[PDB]
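Peer 1: Encoded as structure tokens, here's the structure I'll be asking about.
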Number of protein chains: 2
Amino acid sequence: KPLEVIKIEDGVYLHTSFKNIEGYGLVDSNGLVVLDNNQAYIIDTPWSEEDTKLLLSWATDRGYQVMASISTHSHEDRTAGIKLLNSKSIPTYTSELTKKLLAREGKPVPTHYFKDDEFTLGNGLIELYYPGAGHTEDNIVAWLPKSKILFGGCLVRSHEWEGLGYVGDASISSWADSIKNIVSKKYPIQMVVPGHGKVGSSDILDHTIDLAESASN
Amino acid sequence: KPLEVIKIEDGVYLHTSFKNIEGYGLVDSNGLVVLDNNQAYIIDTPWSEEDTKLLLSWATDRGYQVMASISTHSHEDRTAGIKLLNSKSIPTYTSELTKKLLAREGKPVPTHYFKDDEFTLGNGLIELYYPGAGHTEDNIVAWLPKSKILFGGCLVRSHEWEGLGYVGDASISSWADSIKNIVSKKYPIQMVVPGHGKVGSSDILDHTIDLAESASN
Ligand SMILES: [Mg+2]
Ligand SMILES: [Zn+2]
Ligand SMILES: [Zn+2]
């Protein structure tokens, strides 16, 4: 089932990829391609490397220069596409914690990494933020000040789910505190993109907190 | 997370292995071990070679002789262990169809297969039956006369699922007739074991038909 790419705002594109199988259904995962003129920035590589190659095709066929990718944590729906992009000399970005954590697992690692809780890419275009542990110890989010879109990755859950889902890496205890750190940025969010499922509004934050305290208590 | 093996009837054990999905959570997969004095029969291998190692150890730590396995269709949650069992000269069986589908896909093959719609293992202990396509073109079921258990594998869905699961290799329109054919055998079904989810009663068959007619439209 091949990659899908669609525009969700000027210079912002949603890519959805489909990994499946072995007696479970089809799972979808989302990331973005964010444009500043001809220059593209990828947020979370497609699951597989064959779909990541297609995403790179989508970009360059349209004459886009792919400046960098950013992964939102060490798990593979966000990552191991990092290997391919490295092989092409395209800068791959994560948090330091994430880079170290990928190394500990002997998995391929980004060539670039940022050190504190905040970091900006594209000269203003993409603001990254580590709010604390949640779905994973290292999950970050990305804020796009132009389109007023927050990419929540698996730190958040679309309205279509009713369970945080996977928590083996998680800190249900601390999840609620992390989303609140997000709400504290007071981003003027007009849209949230989850790692899985459907794009929605700012209300996805509240719904996520709804499920984090439901599972602590 | 490790295989679980639990007694569900005299001489019948449910083995359940787990795989963990991206932001969705834990998915389980069931098979059975059927004992006959101290001879043991594996109906579906666990979902991975390591969980298959653990099942064989469970058996042999109890003084059981693992006589054979049978796989209910060609997919991984049913056949992952086939390579391992082959390397220990444990006879492995599938239907003729399942075998040729595995060989077509470059996957290791059972060392034995049956040609007809009906077959038996363990000399009547395990009755097999191919009732037509459903979840796959090749799915078979296992009837256990003594315990009165029907192992329906992925041809059936337990009550807690309100979908049909992965349908990219399914025959949605033949699915209902195929369940119908199982009913026609007039097995005094006491428990239905699904490939995923909880063990139930013969209700599971009606539920499954329901879901199947539904998707048909
Ligand atoms: Mg199993
Ligand atoms: Zn299957
Ligand atoms: Zn994750």
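Following the order of the structure tokens, first chain is A, next is B, and so on, with residues numbered from 1 inside each chain and ligands from 1 in the order they appear.
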What are the closest atom pairs, with distances in Å to one decimal, for all residues of chain A lying within 10 Å of chain B? Consider only C-alpha atoms, order rows by chain and residue number, and present the result as JSON lines.

Peer 2:
{"residue": "A:1", "atom": "CA", "partner": "B:168", "partner_atom": "CA", "distance": 9.9}
{"residue": "A:19", "atom": "CA", "partner": "B:22", "partner_atom": "CA", "distance": 9.9}
{"residue": "A:20", "atom": "CA", "partner": "B:166", "partner_atom": "CA", "distance": 8.2}
{"residue": "A:21", "atom": "CA", "partner": "B:166", "partner_atom": "CA", "distance": 6.8}
{"residue": "A:22", "atom": "CA", "partner": "B:76", "partner_atom": "CA", "distance": 5.3}
{"residue": "A:23", "atom": "CA", "partner": "B:77", "partner_atom": "CA", "distance": 6.1}
{"residue": "A:24", "atom": "CA", "partner": "B:166", "partner_atom": "CA", "distance": 5.7}
{"residue": "A:25", "atom": "CA", "partner": "B:166", "partner_atom": "CA", "distance": 3.9}
{"residue": "A:26", "atom": "CA", "partner": "B:166", "partner_atom": "CA", "distance": 6.6}
{"residue": "A:27", "atom": "CA", "partner": "B:22", "partner_atom": "CA", "distance": 8.2}
{"residue": "A:28", "atom": "CA", "partner": "B:22", "partner_atom": "CA", "distance": 9.4}
{"residue": "A:29", "atom": "CA", "partner": "B:22", "partner_atom": "CA", "distance": 8.6}
{"residue": "A:75", "atom": "CA", "partner": "B:22", "partner_atom": "CA", "distance": 8.2}
{"residue": "A:76", "atom": "CA", "partner": "B:22", "partner_atom": "CA", "distance": 8.5}
{"residue": "A:77", "atom": "CA", "partner": "B:22", "partner_atom": "CA", "distance": 7.2}
{"residue": "A:78", "atom": "CA", "partner": "B:22", "partner_atom": "CA", "distance": 9.9}
{"residue": "A:135", "atom": "CA", "partner": "B:23", "partner_atom": "CA", "distance": 7.9}
{"residue": "A:153", "atom": "CA", "partner": "B:23", "partner_atom": "CA", "distance": 9.6}
{"residue": "A:154", "atom": "CA", "partner": "B:23", "partner_atom": "CA", "distance": 6.3}
{"residue": "A:155", "atom": "CA", "partner": "B:23", "partner_atom": "CA", "distance": 9.0}
{"residue": "A:156", "atom": "CA", "partner": "B:23", "partner_atom": "CA", "distance": 9.3}
{"residue": "A:157", "atom": "CA", "partner": "B:23", "partner_atom": "CA", "distance": 8.4}
{"residue": "A:161", "atom": "CA", "partner": "B:24", "partner_atom": "CA", "distance": 8.7}
{"residue": "A:163", "atom": "CA", "partner": "B:24", "partner_atom": "CA", "distance": 7.9}
{"residue": "A:164", "atom": "CA", "partner": "B:23", "partner_atom": "CA", "distance": 7.0}
{"residue": "A:165", "atom": "CA", "partner": "B:24", "partner_atom": "CA", "distance": 4.1}
{"residue": "A:166", "atom": "CA", "partner": "B:25", "partner_atom": "CA", "distance": 3.8}
{"residue": "A:167", "atom": "CA", "partner": "B:25", "partner_atom": "CA", "distance": 7.1}
{"residue": "A:168", "atom": "CA", "partner": "B:25", "partner_atom": "CA", "distance": 8.4}
{"residue": "A:195", "atom": "CA", "partner": "B:23", "partner_atom": "CA", "distance": 8.1}
{"residue": "A:196", "atom": "CA", "partner": "B:23", "partner_atom": "CA", "distance": 7.5}

Peer 1: Just the residues within 12 Å of residue 55 in chain B, please, counting only C-alpha atoms, with nothing from its chain fewer than 2 positions along; format it as a VMD selection string.

Peer 2: chain B and resid 2 to 6 13 to 17 31 to 33 40 to 53 57 to 62 64 66 69 81 84 to 85

Peer 1: Just the selected residues (N, CA and C atoms), exported as an mmCIF file, in the first residue's frame, please.

Peer 2:
data_model
loop_
_atom_site.group_PDB
_atom_site.id
_atom_site.type_symbol
_atom_site.label_atom_id
_atom_site.label_comp_id
_atom_site.auth_asym_id
_atom_site.auth_seq_id
_atom_site.Cartn_x
_atom_site.Cartn_y
_atom_site.Cartn_z
ATOM 1 N N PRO B 2 7.070 -12.074 26.711
ATOM 2 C CA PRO B 2 7.245 -13.518 26.535
ATOM 3 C C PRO B 2 5.955 -14.358 26.357
ATOM 4 N N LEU B 3 6.115 -15.474 25.660
ATOM 5 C CA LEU B 3 5.039 -16.404 25.382
ATOM 6 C C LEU B 3 4.346 -16.787 26.667
ATOM 7 N N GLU B 4 3.045 -17.025 26.617
ATOM 8 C CA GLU B 4 2.327 -17.546 27.773
ATOM 9 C C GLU B 4 1.707 -18.847 27.362
ATOM 10 N N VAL B 5 1.680 -19.822 28.265
ATOM 11 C CA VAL B 5 1.144 -21.102 27.943
ATOM 12 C C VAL B 5 0.260 -21.496 29.085
ATOM 13 N N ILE B 6 -1.025 -21.753 28.787
ATOM 14 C CA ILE B 6 -2.022 -21.942 29.825
ATOM 15 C C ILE B 6 -2.983 -23.099 29.471
ATOM 16 N N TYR B 13 -3.552 -26.954 25.772
ATOM 17 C CA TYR B 13 -2.951 -25.706 26.208
ATOM 18 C C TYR B 13 -3.046 -24.632 25.148
ATOM 19 N N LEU B 14 -3.334 -23.405 25.599
ATOM 20 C CA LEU B 14 -3.438 -22.266 24.725
ATOM 21 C C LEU B 14 -2.073 -21.637 24.854
ATOM 22 N N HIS B 15 -1.416 -21.384 23.736
ATOM 23 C CA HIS B 15 -0.194 -20.616 23.771
ATOM 24 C C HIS B 15 -0.466 -19.303 23.115
ATOM 25 N N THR B 16 -0.008 -18.236 23.774
ATOM 26 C CA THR B 16 -0.275 -16.892 23.267
ATOM 27 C C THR B 16 1.042 -16.100 23.241
ATOM 28 N N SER B 17 1.373 -15.576 22.068
ATOM 29 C CA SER B 17 2.556 -14.763 21.910
ATOM 30 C C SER B 17 2.134 -13.344 21.570
ATOM 31 N N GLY B 31 -2.159 -20.041 19.516
ATOM 32 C CA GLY B 31 -2.168 -21.424 19.041
ATOM 33 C C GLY B 31 -2.519 -22.409 20.163
ATOM 34 N N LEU B 32 -2.357 -23.706 19.918
ATOM 35 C CA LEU B 32 -2.654 -24.674 20.939
ATOM 36 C C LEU B 32 -1.566 -25.688 20.931
ATOM 37 N N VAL B 33 -1.390 -26.340 22.096
ATOM 38 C CA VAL B 33 -0.640 -27.584 22.215
ATOM 39 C C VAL B 33 -1.626 -28.622 22.698
ATOM 40 N N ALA B 40 3.019 -34.606 22.138
ATOM 41 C CA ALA B 40 2.509 -33.261 21.989
ATOM 42 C C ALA B 40 2.446 -32.850 20.511
ATOM 43 N N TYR B 41 1.372 -32.118 20.179
ATOM 44 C CA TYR B 41 1.070 -31.545 18.846
ATOM 45 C C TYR B 41 0.838 -30.022 18.843
ATOM 46 N N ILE B 42 1.535 -29.294 17.973
ATOM 47 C CA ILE B 42 1.449 -27.830 18.005
ATOM 48 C C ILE B 42 0.564 -27.421 16.840
ATOM 49 N N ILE B 43 -0.517 -26.745 17.174
ATOM 50 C CA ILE B 43 -1.430 -26.157 16.195
ATOM 51 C C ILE B 43 -1.117 -24.669 16.198
ATOM 52 N N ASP B 44 -0.501 -24.240 15.107
ATOM 53 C CA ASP B 44 0.150 -22.945 14.940
ATOM 54 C C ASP B 44 1.331 -22.686 15.851
ATOM 55 N N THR B 45 2.365 -22.154 15.232
ATOM 56 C CA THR B 45 3.615 -21.858 15.887
ATOM 57 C C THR B 45 3.397 -20.474 16.425
ATOM 58 N N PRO B 46 4.174 -20.095 17.417
ATOM 59 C CA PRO B 46 4.112 -18.719 17.892
ATOM 60 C C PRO B 46 4.574 -17.802 16.802
ATOM 61 N N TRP B 47 4.485 -16.507 17.070
ATOM 62 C CA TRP B 47 4.609 -15.456 16.094
ATOM 63 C C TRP B 47 6.079 -15.162 15.759
ATOM 64 N N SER B 48 7.003 -15.824 16.446
ATOM 65 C CA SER B 48 8.420 -15.548 16.236
ATOM 66 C C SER B 48 9.244 -16.811 16.516
ATOM 67 N N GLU B 49 10.455 -16.932 15.957
ATOM 68 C CA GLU B 49 11.288 -18.107 16.231
ATOM 69 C C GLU B 49 11.653 -18.246 17.735
ATOM 70 N N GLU B 50 11.952 -17.137 18.400
ATOM 71 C CA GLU B 50 12.262 -17.171 19.833
ATOM 72 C C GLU B 50 11.065 -17.607 20.682
ATOM 73 N N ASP B 51 9.852 -17.177 20.333
ATOM 74 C CA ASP B 51 8.717 -17.685 21.115
ATOM 75 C C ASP B 51 8.469 -19.170 20.785
ATOM 76 N N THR B 52 8.873 -19.590 19.587
ATOM 77 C CA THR B 52 8.782 -21.016 19.239
ATOM 78 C C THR B 52 9.782 -21.880 20.018
ATOM 79 N N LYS B 53 10.991 -21.340 20.203
ATOM 80 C CA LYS B 53 12.011 -21.925 21.077
ATOM 81 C C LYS B 53 11.456 -22.100 22.461
ATOM 82 N N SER B 57 10.807 -25.673 24.467
ATOM 83 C CA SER B 57 11.284 -25.818 25.858
ATOM 84 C C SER B 57 10.205 -26.129 26.923
ATOM 85 N N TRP B 58 9.094 -25.408 26.890
ATOM 86 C CA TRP B 58 7.970 -25.733 27.731
ATOM 87 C C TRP B 58 7.576 -27.193 27.585
ATOM 88 N N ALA B 59 7.378 -27.636 26.357
ATOM 89 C CA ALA B 59 7.074 -29.029 26.080
ATOM 90 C C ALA B 59 8.150 -30.030 26.625
ATOM 91 N N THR B 60 9.398 -29.817 26.266
ATOM 92 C CA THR B 60 10.418 -30.796 26.599
ATOM 93 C C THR B 60 10.764 -30.746 28.115
ATOM 94 N N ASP B 61 10.715 -29.560 28.740
ATOM 95 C CA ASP B 61 10.883 -29.470 30.224
ATOM 96 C C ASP B 61 9.805 -30.309 30.939
ATOM 97 N N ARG B 62 8.691 -30.563 30.261
ATOM 98 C CA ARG B 62 7.692 -31.471 30.813
ATOM 99 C C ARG B 62 7.784 -32.934 30.367
ATOM 100 N N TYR B 64 7.523 -34.090 27.351
ATOM 101 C CA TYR B 64 6.742 -34.314 26.129
ATOM 102 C C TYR B 64 7.578 -34.483 24.890
ATOM 103 N N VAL B 66 7.493 -33.724 21.144
ATOM 104 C CA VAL B 66 6.836 -32.911 20.151
ATOM 105 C C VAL B 66 6.767 -33.660 18.831
ATOM 106 N N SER B 69 3.874 -30.165 14.144
ATOM 107 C CA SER B 69 3.060 -28.959 14.148
ATOM 108 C C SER B 69 2.223 -28.943 12.878
ATOM 109 N N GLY B 81 7.569 -20.375 13.280
ATOM 110 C CA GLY B 81 8.357 -21.416 13.890
ATOM 111 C C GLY B 81 8.730 -22.539 12.963
ATOM 112 N N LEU B 84 12.520 -23.203 12.520
ATOM 113 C CA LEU B 84 13.093 -23.810 13.751
ATOM 114 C C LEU B 84 12.717 -25.284 13.950
ATOM 115 N N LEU B 85 11.431 -25.620 13.838
ATOM 116 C CA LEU B 85 10.998 -27.002 13.986
ATOM 117 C C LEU B 85 11.693 -27.869 12.938
#

Peer 1: Can you pull out every residue within 10 Å of residue 9 in chain A, counting only C-alpha atoms, but drop anything in the same chain fewer than 5 positions away, and send it as a PyMOL selection string?

Peer 2: chain A and resi 14+34+146-149

Peer 1: Could the residues in this selection be written to a file with N, CA, C and O atoms, as a CSV table (one decimal), in the first residue's frame?

Peer 2:
chain,number,residue,atom,x,y,z
A,14,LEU,N,1.2,16.6,4.3
A,14,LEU,CA,1.1,15.4,5.2
A,14,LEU,C,1.4,14.2,4.4
A,14,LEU,O,0.9,14.0,3.3
A,34,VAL,N,7.7,20.2,5.0
A,34,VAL,CA,7.5,21.6,5.3
A,34,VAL,C,8.4,22.4,4.4
A,34,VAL,O,9.6,22.2,4.3
A,146,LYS,N,4.3,29.6,11.1
A,146,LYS,CA,3.6,30.1,10.0
A,146,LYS,C,2.2,29.6,9.8
A,146,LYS,O,1.2,30.3,9.7
A,147,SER,N,2.0,28.2,9.8
A,147,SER,CA,0.8,27.6,9.5
A,147,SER,C,0.0,27.4,10.7
A,147,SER,O,-1.2,26.9,10.7
A,148,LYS,N,0.6,27.6,11.9
A,148,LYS,CA,0.0,27.4,13.2
A,148,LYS,C,-0.3,26.0,13.4
A,148,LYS,O,-1.3,25.7,14.2
A,149,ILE,N,0.5,25.1,12.9
A,149,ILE,CA,0.4,23.7,13.1
A,149,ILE,C,1.4,23.1,14.1
A,149,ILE,O,2.6,23.3,13.9

Peer 1: Identify, on the basis of only C-alpha atoms, every residue whose closest approach to range 122-127 of chain B does not exceed 8 Å; exclude the query and any residue fewer than 6 positions from it along the same chain; express the result as an NGL selection string.

Peer 2: :B and (36 or 41 or 142-146)

Peer 1: What is the CA of residue 73 in chain B to CA of residue 140 in chain B distance in Å?

Peer 2: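 So the two atoms, CA of residue 73 in chain B and CA of residue 140 in chain B, lie 6.7 Å apart.
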
Peer 1: Taking 3 positions as the minimum chain separation for residues in the same chain, which residues sit within 12 Å of residue 99 in chain B when counting only C-alpha atoms? Answer as a PyMOL selection string.

Peer 2: chain B and resi 70-75+79+82+92-96+102-115+138-139

Peer 1: Which residues are near residue 201 in chain A? Cut-off 12 Å, only C-alpha atoms, ignore same chain within fewer than 3 positions. Put them as a tab-separated table (two decimals) with C-alpha atoms, in the first residue's frame.

Peer 2:
chain	number	residue	atom	x	y	z
A	148	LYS	CA	0.02	27.45	13.21
A	149	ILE	CA	0.38	23.68	13.09
A	150	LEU	CA	1.74	21.51	15.93
A	151	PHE	CA	3.10	18.12	14.96
A	152	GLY	CA	2.46	15.99	18.05
A	156	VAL	CA	-0.72	12.64	21.13
A	157	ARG	CA	-3.68	10.50	19.99
A	158	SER	CA	-6.26	11.42	17.38
A	159	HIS	CA	-9.89	11.56	18.41
A	188	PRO	CA	-1.59	29.72	18.89
A	189	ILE	CA	-2.41	26.21	17.65
A	190	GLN	CA	-5.01	25.98	14.95
A	191	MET	CA	-4.29	22.37	14.03
A	192	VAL	CA	-2.62	19.25	15.56
A	193	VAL	CA	-1.17	16.40	13.44
A	194	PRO	CA	-0.87	13.08	15.36
A	198	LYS	CA	-6.53	11.96	11.60
A	204	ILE	CA	-6.48	16.74	20.67
A	205	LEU	CA	-4.29	18.04	23.53
A	206	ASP	CA	-7.20	17.93	25.97
A	207	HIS	CA	-8.25	14.49	24.74

Peer 1: Among range 15-199 of chain A, which residues does DSSP mark as strand (DSSP E or B) when it is run on the backbone? Keep the chain and numbering as in the structure and answer as an MDAnalysis selection string.

Peer 2: chainID A and resid 15:21 24:36 39:43 65:70 92:95 112:114 118:121 126:129 141:144 149:153 191:194

Peer 1: Have a look at B:133, B:100, B:63, B:197 and name the one nearest to ligand 1; count only C-alpha atoms and all ligand atoms.

Peer 2: B:197

Peer 1: From a DSSP calculation on the backbone, collect every residue of range 83-159 of chain A in helix (DSSP H, G or I) and output the set as a list in words.

Peer 2: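 Reading the DSSP output for range 83-159 of chain A, helix (DSSP H, G or I) covers residues 83, 84, 85, 86, 87, 96, 97, 98, 99, 100, 101, 102, 103 and 104 of chain A.
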